[PDB]
Amino acid sequence: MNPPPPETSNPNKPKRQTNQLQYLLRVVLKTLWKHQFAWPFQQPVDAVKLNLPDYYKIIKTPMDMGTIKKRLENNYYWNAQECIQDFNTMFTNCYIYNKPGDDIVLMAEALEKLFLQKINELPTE
Ligand SMILES: CCc1c(C(=O)Nc2ccc(F)c(S(=O)(=O)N3CCOCC3)c2)[nH]c(C)c1C(C)=O
């Protein structure tokens, strides 16, 4: 079966607004979210629905842009690097589970390239 999705809230964890976090939501995440190849990454992998019973045997640190979006929207991240790390985990997972030439790998590559292009313009903190 599926695990519960990653937490999108931490109670009593303090909260802040920063230019970097705003940029991560309204520029980086927004741009990736709207890309033609975003759809496979907009929610947790549903291994039951997609019939991938080994997925969560292999991937022990799941991440997706749906989770990242909700973390940003709920001020779950204090440091920009926490968010950048989540993006990195998402892409890495795709290369762990899938093979060269797979459609999902081509899509992750395109999204990762776009991610790098937008993170290049991240404001200073
Ligand atoms: C290859 C499986 C996979 C996906 C993926 O999502 N495949 C997918 C297949 C069929 C679909 F229909 C949709 S869907 O986006 O349209 N969809 C999801 C929400 O419910 C409605 C339908 C998505 N994503 C990742 C990271 C991986 C792997 C194994 O790495």
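As documented in the archive entry, the model was determined using X-ray crystallography at 1.75 Å resolution.

Student: Whenever I open this one, the site of the ligand confuses me. Can you help?
Tutor: In the vicinity of the ligand, the contacting residues are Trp39, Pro40, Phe41, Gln43, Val45, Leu50, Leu52, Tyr55, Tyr97, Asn98 and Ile104. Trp39 is positioned such that a nitrogen or oxygen atom in its backbone is 3.3 Å from an oxygen atom of the ligand. Interatomic distance of 2.9 Å between a side-chain N/O atom of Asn98 and an oxygen atom of the ligand. Protein chains shield 60% of the accessible area of the ligand, which is 620 Å² for the free molecule. In terms of residue class, the shell around the ligand is built from nine nonpolar, two polar and no charged.

Student: Please explain the packing of aromatic side chains as it appears in this structure.
Tutor: The relative placement of two aromatic rings is captured by the distance of their centres and the angle of their planes. Applying the stated rule across the entire model yields five aromatic pairs. For the ring pair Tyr76 and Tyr77, a centre distance of 5.8 Å and an interplane angle of 85° mean the geometry is edge-to-face. Judged by relative accessible area, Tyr77 falls into the buried class, the value being 3%. Ring pairs connect the aromatic residues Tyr55, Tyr56 and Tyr97, which therefore count as one cluster. For the cation-ring pair, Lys13 lies above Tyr76, with the distance from its terminal atom to the ring centre recorded as 4.8 Å.

Student: Where do I start with the layout of surface pockets in this structure?
Tutor: Picture a little ball the size of a water molecule; that probe, rolled over the atoms, points out where space is still empty. Approximately 580 Å³ is the volume attributed to the largest pocket. Taken together, 28 residues line the largest pocket, and the ones lying closest to its centre are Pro40, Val45, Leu50, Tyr55 and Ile104. Of all elements in the fold, only helix 2 (55–58), helix 4 (80–97) and helix 5 (103–119) reach the threshold of two or more residues within the lining of the largest pocket. In terms of residue count, the dominant contributor to the lining of the largest pocket is helix 4 (four residues). Of the residues belonging to the lining of the largest pocket, the class tally is 20 nonpolar, four polar and four charged. Its volume calculated, the second largest pocket comes out at about 220 Å³. If you trace the second largest pocket, you find it lined by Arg16, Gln17, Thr18, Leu21, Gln22, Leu25, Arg26, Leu72, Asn75 and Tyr77. The element that contributes the greatest number of residues to the lining of the second largest pocket is helix 1 (residues 19–33), accounting for four residues. Residue composition of the lining of the second largest pocket, by class: four nonpolar, four polar and two charged.

Student: Would you take a moment to explain the packing of helix 1 against helix 3 (residues 65–73) for this structure?
Tutor: Packing of helix 1 against helix 3 leaves a shortest axis separation of 10 Å and a crossing angle of 155°. In terms of orientation, helix 1 lies roughly antiparallel with respect to helix 3. Handedness of the helix 1/helix 3 crossing: left-handed. Facing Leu21, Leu24, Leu25, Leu29, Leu32 and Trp33 of helix 1, the residues of helix 3 in contact are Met65, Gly66, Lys69, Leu72 and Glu73. A per-class count over the contact of helix 1 with helix 3 returns eight nonpolar, one polar and two charged.

About the thresholds
Residues numbered from 1 in each chain as written, not as in the entry; some residues may be left out. Heavy atoms only, no water. Near = heavy atom within 4 Å. Polar contact = N/O pair within 3.5 Å; in protein donor to acceptor, adjacent residues only side chain to side chain. Areas by Shrake-Rupley, 256 points an atom, 1.4 Å probe, with all protein chains shown as cover. Nonpolar A, V, L, I, M, F, W, Y, C, P; charged D, E, K, R; others polar. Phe/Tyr/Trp six-rings, centres within 6.5 Å; stacked < 30°, edge-to-face > 60°. Buried < 20%, exposed > 50% of the residue type's maximum accessible area, 1.4 Å probe, protein only. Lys NZ or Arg CZ within 6 Å of the ring centre and 35° of its normal. 1 Å grid on protein atoms, 1.4 Å probe; cavity = no way out; pocket = protein on both sides within 12 Å on 5 of 7 lines; lining within 4 Å. Points joined across faces, edges and corners; volume = space filled by probe spheres on them. Helix = DSSP H or I, 4+ residues; strand = E, 2+ residues; numbered from the N terminus. Axes fitted to C-alpha atoms, helices over the stretch in contact; angles between N-to-C directions. Parallel < 35°, antiparallel > 145°, perpendicular 65-115°, else oblique. Left-handed = near helix turned anticlockwise from the far one by under 90°. Contact = heavy atoms within 4.5 Å.

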